[PDB]
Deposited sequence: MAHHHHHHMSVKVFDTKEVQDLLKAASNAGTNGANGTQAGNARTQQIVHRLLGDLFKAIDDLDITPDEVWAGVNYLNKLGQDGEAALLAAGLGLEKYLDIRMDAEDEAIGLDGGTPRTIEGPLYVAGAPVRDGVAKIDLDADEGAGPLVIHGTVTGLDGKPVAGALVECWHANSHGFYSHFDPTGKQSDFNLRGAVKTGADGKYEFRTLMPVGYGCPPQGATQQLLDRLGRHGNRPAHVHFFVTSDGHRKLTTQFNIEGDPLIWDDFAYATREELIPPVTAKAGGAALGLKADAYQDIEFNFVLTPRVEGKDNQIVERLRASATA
């Protein structure tokens, strides 16, 4: 409660012996031992430097229990910019080898669901009534770096409803499996099209551990309205990206730091929606093309494996 000087122990042989024992550095997976030794040592050193008290350490330890009970570790990874950091490093790798000329990547987020039924060329993906969102058409072409259309590319799409909730993750009810999620296989013309409704921005669960820490930091936990994409096709690297809805006031204040200048396409007002199966004549239209990068020596060294949900 009263300030005192930190007593420094990190460089002592006892602490260094403890770090080597606990990480088992130098059976066991050597790479995991190496990573643990470095992260544990950095934590010990930070506790020494900032005089992080046992009360503070146990608050952090018990915070991790709540974070996992909430299922929110990946949400915090986005909120603390760790997920953006991974893109920064992948972007720097692409810049060094000259693979940075396609549509830019941005974060995947934690809300992808595998298994959407694949449609030929066009998918209508709003399965459930949403009185609060107007119809939205997203369309474009999948091309390579040379401008030619990519046949048989798989474009997957997911976004939120007018309350900012995703199917499979709705805390107010159970949406239909794959509501506002689709997948289209492009034809020879490389064209894809999604017919859906306009999303609104996401907000962290207000009593969740992510928002609790953000609240303590003085930060909001909101995202601007956006739509996610995967684009997969042989001969190209797997594209993970997004675009933001034009004009959202949170576009340059995303709590997950995912907005990119090239990922803010214009939205157009259009008519004749009924002829497209849309629920209203006037609709908003976004033209967005995906420019892919090629595999190098047949390899995609930036595809990411992580725990992902799946549905019927």
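- What the model leaves out of the deposited chain are the segments 1-4, 31-38, 325.
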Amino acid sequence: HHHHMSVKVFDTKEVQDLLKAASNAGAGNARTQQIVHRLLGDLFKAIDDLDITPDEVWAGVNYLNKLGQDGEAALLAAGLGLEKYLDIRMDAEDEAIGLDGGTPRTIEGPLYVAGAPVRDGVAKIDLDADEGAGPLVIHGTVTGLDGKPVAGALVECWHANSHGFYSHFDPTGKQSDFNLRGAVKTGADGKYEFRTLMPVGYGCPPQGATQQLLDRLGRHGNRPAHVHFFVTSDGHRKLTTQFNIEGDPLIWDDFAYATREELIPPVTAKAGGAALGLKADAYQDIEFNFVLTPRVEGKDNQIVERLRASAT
From here on, numbers count along this sequence of modelled residues.
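- Once the C-alpha B-factors are averaged per stretch, 187-195 and 106-114 rank with 187-195 first.
- Look at the mean CA B-factor for 281-289 and for 57-65 in the entry; the higher one is 281-289.
- In this structure the maximum Cα B-factor among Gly152, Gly218, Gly208, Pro224 is found at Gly152.
- Across the options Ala269, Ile47, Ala30, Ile251, the residue with the most elevated CA B-factor in the record is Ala269.
- Annotation for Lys148: C-alpha temperature factor in the highest third relative to the rest of the modelled chain, per the entry.
- Among all modelled residues in this chain, the alpha-carbon of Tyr85 has a temperature factor (C-alpha) in the lowest third.
- In the deposited entry, the Cα temperature factor of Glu297 sits in the top third of values across the chain's modelled residues.
- Among all modelled residues in its chain, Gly235 ranks in the highest third by Cα B-factor.
- Looking at the C-alpha B-factors along this chain, the one for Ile52 belongs to the lowest third.
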